[PDB]
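Participant: Structure provided below as structure tokens; questions to follow.
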Amino acid sequence: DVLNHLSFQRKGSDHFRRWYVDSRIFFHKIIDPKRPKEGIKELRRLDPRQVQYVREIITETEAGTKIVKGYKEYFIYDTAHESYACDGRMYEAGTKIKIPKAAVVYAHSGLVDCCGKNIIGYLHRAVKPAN
Amino acid sequence: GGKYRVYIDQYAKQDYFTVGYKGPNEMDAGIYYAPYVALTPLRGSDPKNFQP
Amino acid sequence: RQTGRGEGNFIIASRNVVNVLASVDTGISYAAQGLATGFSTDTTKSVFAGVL
């Protein structure tokens, strides 16, 4: 059911390609939820540039917090300024939607920059010489 | 003691406390804030001097 | 004394006389006070506060 949900047989190549290029892929996870047991359905791949990974520490000790820093690790996702390679139109609106970690299917590369947790593309190596 | 929530008014004018109540029913609060629009950005520049 | 049927076994009292019990240890002891938790002091959920 899962590979059919992803339409793997027609789109596996596209999902993989976007992931390779961007190094992050996400899908919105579906649930009924009145009859949650039957809720898994074809998922919605989410766009890069609209998604951000966010974690928070809630716990405290002396001279810095050194106890169960659970982090949560949830996501933020929005629309907003959907205009770049396509000249888009929209009005002004606030967005910033918070999505539970459990609510999203996602994978990413092991390629990270010098600091932080900024995940980079498999093509990152090629940017210099490509240009 | 698990009985009442304790909060601080960092701008209290002098020294004092107030006791409130809020029920499980969000409507049952005495006082409420009810937004329908918030924090919506505005951006551009003024051509008379083109400053943002 | 005056009845010959048994000693008092219930109390009906103002809220103030219940709050004062809820906040203290009414058993036999040295000293005792704090938050009003021993009895319900509300009227919203019951009338019966508890057994002293």
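Residues are referred to by chain and number: the chain letter is A, B, ... according to the order shown in the structure tokens, the number counts from 1 in that chain, and ligands are numbered separately from 1 in the order shown.
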Residues of chain B no more than 12 Å from chain A, counting only C-alpha atoms: send them over as a VMD selection string.
Facilitator: chain B and resid 36 to 43
Participant: Using the selection just defined, write its residues with C-alpha atoms as a PDB file, in the first residue's frame.
Facilitator:
ATOM      1  CA  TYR B  36      -9.152  37.066  13.219  1.00  0.00           C
ATOM      2  CA  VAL B  37      -6.061  38.803  11.790  1.00  0.00           C
ATOM      3  CA  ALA B  38      -2.514  38.947  13.050  1.00  0.00           C
ATOM      4  CA  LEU B  39       1.043  39.929  12.244  1.00  0.00           C
ATOM      5  CA  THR B  40       0.470  40.407   8.523  1.00  0.00           C
ATOM      6  CA  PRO B  41       3.551  42.014   6.792  1.00  0.00           C
ATOM      7  CA  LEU B  42       3.628  45.026   4.535  1.00  0.00           C
ATOM      8  CA  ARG B  43       6.636  45.818   2.296  1.00  0.00           C
TER       9      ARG B  43
END
Participant: Residues of chain B near chain C: apply a cut-off of 12 Å, count only C-alpha atoms, and supply the list as a list in words.
Facilitator: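 My answer is residues 1, 2, 3, 4 and 23 of chain B.
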Participant: Using DSSP on the backbone coordinates, identify the residues of chain A assigned to helix (DSSP H, G or I); present them as JSON, numbers by chain.
Facilitator: {"A": [2, 3, 4, 5, 8, 9, 10, 11, 12, 13, 14, 15, 16, 17, 18, 19, 20, 21, 22, 36, 37, 38, 101, 102, 103, 124, 125, 126, 127, 128, 129, 130]}
Participant: Extract, using only C-alpha atoms, all DNA, RNA and protein residues at most 12 Å from range 17-28 of chain A, discarding same-chain residues fewer than 6 positions from it, and format them as a PDB file with N, CA, C and O atoms, in the first residue's frame.
Facilitator:
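Result file is around-v6.pdb:
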ATOM      1  N   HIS A   5       0.936   4.224  -2.485  1.00  0.00           N
ATOM      2  CA  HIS A   5       0.595   5.552  -1.991  1.00  0.00           C
ATOM      3  C   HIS A   5       1.515   6.578  -2.595  1.00  0.00           C
ATOM      4  O   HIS A   5       1.099   7.669  -2.979  1.00  0.00           O
ATOM      5  N   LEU A   6       2.769   6.195  -2.735  1.00  0.00           N
ATOM      6  CA  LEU A   6       3.795   7.043  -3.308  1.00  0.00           C
ATOM      7  C   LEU A   6       3.786   6.977  -4.840  1.00  0.00           C
ATOM      8  O   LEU A   6       4.591   7.642  -5.504  1.00  0.00           O
ATOM      9  N   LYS A  11       6.288   7.241 -10.167  1.00  0.00           N
ATOM     10  CA  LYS A  11       6.968   8.399  -9.610  1.00  0.00           C
ATOM     11  C   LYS A  11       8.195   8.133  -8.758  1.00  0.00           C
ATOM     12  O   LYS A  11       8.843   9.082  -8.316  1.00  0.00           O
ATOM     13  N   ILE A  40      -4.332   5.648   6.844  1.00  0.00           N
ATOM     14  CA  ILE A  40      -3.182   5.825   5.964  1.00  0.00           C
ATOM     15  C   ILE A  40      -3.676   5.899   4.508  1.00  0.00           C
ATOM     16  O   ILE A  40      -4.464   5.052   4.081  1.00  0.00           O
ATOM     17  N   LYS A  41      -3.216   6.897   3.757  1.00  0.00           N
ATOM     18  CA  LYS A  41      -3.633   7.128   2.369  1.00  0.00           C
ATOM     19  C   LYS A  41      -2.507   7.727   1.571  1.00  0.00           C
ATOM     20  O   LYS A  41      -1.471   8.051   2.127  1.00  0.00           O
ATOM     21  N   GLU A  42      -2.685   7.865   0.264  1.00  0.00           N
ATOM     22  CA  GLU A  42      -1.651   8.493  -0.547  1.00  0.00           C
ATOM     23  C   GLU A  42      -1.212   9.812   0.073  1.00  0.00           C
ATOM     24  O   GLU A  42      -2.017  10.716   0.275  1.00  0.00           O
ATOM     25  N   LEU A  43       0.087   9.952   0.300  1.00  0.00           N
ATOM     26  CA  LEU A  43       0.611  11.121   0.987  1.00  0.00           C
ATOM     27  C   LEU A  43       0.980  12.255   0.097  1.00  0.00           C
ATOM     28  O   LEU A  43       1.145  12.076  -1.124  1.00  0.00           O
ATOM     29  N   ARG A  44       1.074  13.460   0.664  1.00  0.00           N
ATOM     30  CA  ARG A  44       1.362  14.653  -0.179  1.00  0.00           C
ATOM     31  C   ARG A  44       2.823  15.093  -0.032  1.00  0.00           C
ATOM     32  O   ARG A  44       3.175  15.616   1.045  1.00  0.00           O
ATOM     33  N   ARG A  45       3.634  14.889  -1.076  1.00  0.00           N
ATOM     34  CA  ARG A  45       5.022  15.347  -1.031  1.00  0.00           C
ATOM     35  C   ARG A  45       5.011  16.854  -0.849  1.00  0.00           C
ATOM     36  O   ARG A  45       4.377  17.549  -1.622  1.00  0.00           O
ATOM     37  N   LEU A  46       5.801  17.348   0.073  1.00  0.00           N
ATOM     38  CA  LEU A  46       5.877  18.775   0.329  1.00  0.00           C
ATOM     39  C   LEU A  46       7.078  19.403  -0.344  1.00  0.00           C
ATOM     40  O   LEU A  46       8.134  18.766  -0.511  1.00  0.00           O
ATOM     41  N   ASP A  47       6.959  20.656  -0.752  1.00  0.00           N
ATOM     42  CA  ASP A  47       8.047  21.357  -1.409  1.00  0.00           C
ATOM     43  C   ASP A  47       9.195  21.828  -0.515  1.00  0.00           C
ATOM     44  O   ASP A  47       8.970  22.318   0.596  1.00  0.00           O
ATOM     45  N   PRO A  48      10.443  21.763  -1.002  1.00  0.00           N
ATOM     46  CA  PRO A  48      11.598  22.300  -0.363  1.00  0.00           C
ATOM     47  C   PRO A  48      11.338  23.755  -0.508  1.00  0.00           C
ATOM     48  O   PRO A  48      10.580  24.132  -1.403  1.00  0.00           O
ATOM     49  N   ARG A  49      11.954  24.559   0.334  1.00  0.00           N
ATOM     50  CA  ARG A  49      11.805  26.010   0.335  1.00  0.00           C
ATOM     51  C   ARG A  49      10.519  26.412   1.055  1.00  0.00           C
ATOM     52  O   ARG A  49      10.310  27.594   1.340  1.00  0.00           O
ATOM     53  N   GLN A  50       9.663  25.443   1.385  1.00  0.00           N
ATOM     54  CA  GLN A  50       8.474  25.734   2.148  1.00  0.00           C
ATOM     55  C   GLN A  50       8.498  25.061   3.501  1.00  0.00           C
ATOM     56  O   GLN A  50       7.585  25.215   4.305  1.00  0.00           O
ATOM     57  N   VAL A  51       9.545  24.284   3.743  1.00  0.00           N
ATOM     58  CA  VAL A  51       9.651  23.480   4.956  1.00  0.00           C
ATOM     59  C   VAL A  51      10.913  23.715   5.779  1.00  0.00           C
ATOM     60  O   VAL A  51      12.020  23.704   5.230  1.00  0.00           O
ATOM     61  N   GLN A  52      10.731  23.804   7.104  1.00  0.00           N
ATOM     62  CA  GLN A  52      11.843  23.989   8.034  1.00  0.00           C
ATOM     63  C   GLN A  52      11.745  23.057   9.250  1.00  0.00           C
ATOM     64  O   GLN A  52      10.662  22.774   9.760  1.00  0.00           O
ATOM     65  N   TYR A  53      12.912  22.526   9.629  1.00  0.00           N
ATOM     66  CA  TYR A  53      13.055  21.588  10.772  1.00  0.00           C
ATOM     67  C   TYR A  53      13.356  22.396  12.036  1.00  0.00           C
ATOM     68  O   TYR A  53      14.331  23.173  12.047  1.00  0.00           O
ATOM     69  N   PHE A  75       8.165  20.237  12.554  1.00  0.00           N
ATOM     70  CA  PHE A  75       8.332  21.020  11.340  1.00  0.00           C
ATOM     71  C   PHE A  75       7.447  22.220  11.186  1.00  0.00           C
ATOM     72  O   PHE A  75       6.329  22.275  11.692  1.00  0.00           O
ATOM     73  N   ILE A  76       7.958  23.180  10.440  1.00  0.00           N
ATOM     74  CA  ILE A  76       7.217  24.362  10.088  1.00  0.00           C
ATOM     75  C   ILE A  76       6.978  24.380   8.589  1.00  0.00           C
ATOM     76  O   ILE A  76       7.905  24.138   7.808  1.00  0.00           O
ATOM     77  N   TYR A  77       5.748  24.648   8.147  1.00  0.00           N
ATOM     78  CA  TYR A  77       5.534  24.613   6.676  1.00  0.00           C
ATOM     79  C   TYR A  77       4.542  25.688   6.225  1.00  0.00           C
ATOM     80  O   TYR A  77       3.490  25.854   6.874  1.00  0.00           O
ATOM     81  N   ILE A  99       3.756  21.531  12.437  1.00  0.00           N
ATOM     82  CA  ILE A  99       3.452  20.131  12.179  1.00  0.00           C
ATOM     83  C   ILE A  99       4.255  19.158  13.083  1.00  0.00           C
ATOM     84  O   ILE A  99       5.488  19.188  13.077  1.00  0.00           O
ATOM     85  N   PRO A 100       3.606  18.248  13.836  1.00  0.00           N
ATOM     86  CA  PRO A 100       4.233  17.253  14.706  1.00  0.00           C
ATOM     87  C   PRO A 100       5.182  16.367  13.908  1.00  0.00           C
ATOM     88  O   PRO A 100       4.948  16.112  12.740  1.00  0.00           O
ATOM     89  N   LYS A 101       6.251  15.896  14.534  1.00  0.00           N
ATOM     90  CA  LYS A 101       7.228  15.049  13.832  1.00  0.00           C
ATOM     91  C   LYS A 101       6.548  13.811  13.285  1.00  0.00           C
ATOM     92  O   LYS A 101       6.773  13.398  12.146  1.00  0.00           O
ATOM     93  N   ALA A 102       5.667  13.245  14.088  1.00  0.00           N
ATOM     94  CA  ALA A 102       4.919  12.057  13.742  1.00  0.00           C
ATOM     95  C   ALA A 102       4.070  12.252  12.494  1.00  0.00           C
ATOM     96  O   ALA A 102       3.726  11.275  11.831  1.00  0.00           O
ATOM     97  N   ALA A 103       3.701  13.495  12.186  1.00  0.00           N
ATOM     98  CA  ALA A 103       2.816  13.832  11.084  1.00  0.00           C
ATOM     99  C   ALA A 103       3.488  13.915   9.730  1.00  0.00           C
ATOM    100  O   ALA A 103       2.819  14.241   8.741  1.00  0.00           O
ATOM    101  N   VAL A 104       4.797  13.761   9.672  1.00  0.00           N
ATOM    102  CA  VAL A 104       5.450  13.888   8.381  1.00  0.00           C
ATOM    103  C   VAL A 104       6.443  12.787   8.081  1.00  0.00           C
ATOM    104  O   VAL A 104       7.250  12.413   8.926  1.00  0.00           O
ATOM    105  N   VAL A 105       6.374  12.284   6.862  1.00  0.00           N
ATOM    106  CA  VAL A 105       7.307  11.285   6.380  1.00  0.00           C
ATOM    107  C   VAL A 105       8.463  11.969   5.745  1.00  0.00           C
ATOM    108  O   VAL A 105       8.256  12.832   4.902  1.00  0.00           O
ATOM    109  N   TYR A 106       9.689  11.674   6.170  1.00  0.00           N
ATOM    110  CA  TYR A 106      10.787  12.448   5.541  1.00  0.00           C
ATOM    111  C   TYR A 106      12.136  11.741   5.656  1.00  0.00           C
ATOM    112  O   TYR A 106      12.365  10.950   6.593  1.00  0.00           O
ATOM    113  N   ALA A 107      12.996  12.054   4.687  1.00  0.00           N
ATOM    114  CA  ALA A 107      14.353  11.557   4.602  1.00  0.00           C
ATOM    115  C   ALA A 107      15.259  12.667   4.144  1.00  0.00           C
ATOM    116  O   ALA A 107      14.824  13.635   3.511  1.00  0.00           O
ATOM    117  N   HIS A 108      16.531  12.523   4.442  1.00  0.00           N
ATOM    118  CA  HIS A 108      17.500  13.495   4.015  1.00  0.00           C
ATOM    119  C   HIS A 108      18.888  12.913   3.923  1.00  0.00           C
ATOM    120  O   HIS A 108      19.151  11.809   4.408  1.00  0.00           O
ATOM    121  N   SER A 109      19.774  13.660   3.291  1.00  0.00           N
ATOM    122  CA  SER A 109      21.161  13.241   3.139  1.00  0.00           C
ATOM    123  C   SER A 109      21.933  13.398   4.435  1.00  0.00           C
ATOM    124  O   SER A 109      21.447  13.956   5.420  1.00  0.00           O
ATOM    125  N   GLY A 110      23.158  12.876   4.438  1.00  0.00           N
ATOM    126  CA  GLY A 110      24.073  12.991   5.573  1.00  0.00           C
ATOM    127  C   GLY A 110      25.069  14.123   5.347  1.00  0.00           C
ATOM    128  O   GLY A 110      26.131  14.170   5.971  1.00  0.00           O
ATOM    129  N   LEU A 111      24.762  14.987   4.394  1.00  0.00           N
ATOM    130  CA  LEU A 111      25.651  16.051   4.008  1.00  0.00           C
ATOM    131  C   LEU A 111      25.268  17.334   4.706  1.00  0.00           C
ATOM    132  O   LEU A 111      24.178  17.865   4.496  1.00  0.00           O
ATOM    133  N   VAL A 112      26.158  17.829   5.545  1.00  0.00           N
ATOM    134  CA  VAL A 112      25.909  19.021   6.344  1.00  0.00           C
ATOM    135  C   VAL A 112      27.077  19.998   6.229  1.00  0.00           C
ATOM    136  O   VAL A 112      28.230  19.587   6.047  1.00  0.00           O
ATOM    137  N   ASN A 118      22.560  22.619   8.777  1.00  0.00           N
ATOM    138  CA  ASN A 118      22.124  22.931   7.436  1.00  0.00           C
ATOM    139  C   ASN A 118      22.531  21.811   6.505  1.00  0.00           C
ATOM    140  O   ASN A 118      23.719  21.572   6.255  1.00  0.00           O
ATOM    141  N   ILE A 119      21.513  21.119   6.024  1.00  0.00           N
ATOM    142  CA  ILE A 119      21.634  19.977   5.140  1.00  0.00           C
ATOM    143  C   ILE A 119      21.802  20.465   3.709  1.00  0.00           C
ATOM    144  O   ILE A 119      21.024  21.293   3.225  1.00  0.00           O
ATOM    145  N   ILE A 120      22.801  19.928   3.028  1.00  0.00           N
ATOM    146  CA  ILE A 120      23.138  20.336   1.665  1.00  0.00           C
ATOM    147  C   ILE A 120      22.879  19.207   0.653  1.00  0.00           C
ATOM    148  O   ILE A 120      22.643  18.057   1.035  1.00  0.00           O
ATOM    149  N   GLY A 121      22.838  19.569  -0.629  1.00  0.00           N
ATOM    150  CA  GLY A 121      22.516  18.677  -1.758  1.00  0.00           C
ATOM    151  C   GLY A 121      23.643  17.755  -2.154  1.00  0.00           C
ATOM    152  O   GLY A 121      24.813  18.098  -2.005  1.00  0.00           O
ATOM    153  N   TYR A 122      23.337  16.671  -2.865  1.00  0.00           N
ATOM    154  CA  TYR A 122      24.410  15.798  -3.335  1.00  0.00           C
ATOM    155  C   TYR A 122      25.198  16.470  -4.435  1.00  0.00           C
ATOM    156  O   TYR A 122      26.319  16.082  -4.761  1.00  0.00           O
ATOM    157  N   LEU A 123      24.600  17.505  -4.994  1.00  0.00           N
ATOM    158  CA  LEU A 123      25.159  18.324  -6.041  1.00  0.00           C
ATOM    159  C   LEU A 123      25.949  19.475  -5.469  1.00  0.00           C
ATOM    160  O   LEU A 123      26.543  20.249  -6.207  1.00  0.00           O
ATOM    161  N   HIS A 124      26.008  19.591  -4.153  1.00  0.00           N
ATOM    162  CA  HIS A 124      26.690  20.706  -3.536  1.00  0.00           C
ATOM    163  C   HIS A 124      28.122  20.780  -4.031  1.00  0.00           C
ATOM    164  O   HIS A 124      28.636  21.852  -4.350  1.00  0.00           O
ATOM    165  N   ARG A 125      28.768  19.624  -4.138  1.00  0.00           N
ATOM    166  CA  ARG A 125      30.159  19.524  -4.565  1.00  0.00           C
ATOM    167  C   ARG A 125      30.382  20.134  -5.944  1.00  0.00           C
ATOM    168  O   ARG A 125      31.477  20.586  -6.283  1.00  0.00           O
ATOM    169  N   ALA A 126      29.369  20.049  -6.784  1.00  0.00           N
ATOM    170  CA  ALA A 126      29.447  20.497  -8.145  1.00  0.00           C
ATOM    171  C   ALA A 126      29.130  21.963  -8.318  1.00  0.00           C
ATOM    172  O   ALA A 126      29.285  22.489  -9.415  1.00  0.00           O
ATOM    173  N   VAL A 127      28.693  22.664  -7.283  1.00  0.00           N
ATOM    174  CA  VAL A 127      28.271  24.023  -7.553  1.00  0.00           C
ATOM    175  C   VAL A 127      29.416  24.871  -8.041  1.00  0.00           C
ATOM    176  O   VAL A 127      29.281  25.606  -9.023  1.00  0.00           O
TER     177      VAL A 127
END
Participant: Report as a list in words: the residues of chain A with a DSSP assignment of strand (DSSP E or B), based on the backbone of this structure.
Facilitator: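 Here are the strand (DSSP E or B) residues of chain A: residues 24, 25, 26, 27, 28, 44, 45, 46, 51, 52, 53, 54, 74, 75, 76, 77, 97, 98, 99, 104, 105, 106, 107, 108, 112 and 119 of chain A.
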Participant: Find the distance between CA of residue 18 in chain C and CA of residue 27 in chain B and write it in Å to one decimal.
Facilitator: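 Atom-to-atom, CA of residue 18 in chain C and CA of residue 27 in chain B are spaced 29.5 Å apart.
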Participant: Excluding residue 42 in chain C and its own-chain neighbours fewer than 4 positions away, which residues fall within 10 Å of it when counting only C-alpha atoms? Please give them as a ChimeraX atom specification.
Facilitator: /C:15,18-19,46-49
Participant: So that I have them on file, write out the residues from the current selection with C-alpha atoms, as a tab-separated table (two decimals), in the first residue's frame.
Facilitator:
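Contents of part_20.tsv, as written:
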chain	number	residue	atom	x	y	z
C	15	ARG	CA	-17.27	28.87	53.23
C	18	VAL	CA	-14.33	25.23	55.61
C	19	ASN	CA	-11.47	27.02	53.95
C	46	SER	CA	-20.50	19.69	45.51
C	47	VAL	CA	-21.70	20.92	48.84
C	48	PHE	CA	-20.00	18.19	50.67
C	49	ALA	CA	-16.53	19.31	51.48
Participant: Hey, can you check how far CA of residue 45 in chain B sits from CA of residue 83 in chain A?
Facilitator: 19.4 Å
Participant: Hey, what's within 12 Å of residue 7 in chain B if we count only C-alpha atoms and toss same-chain stuff fewer than 5 positions away? As a ChimeraX atom specification, please?
Facilitator: /B:12,17-20
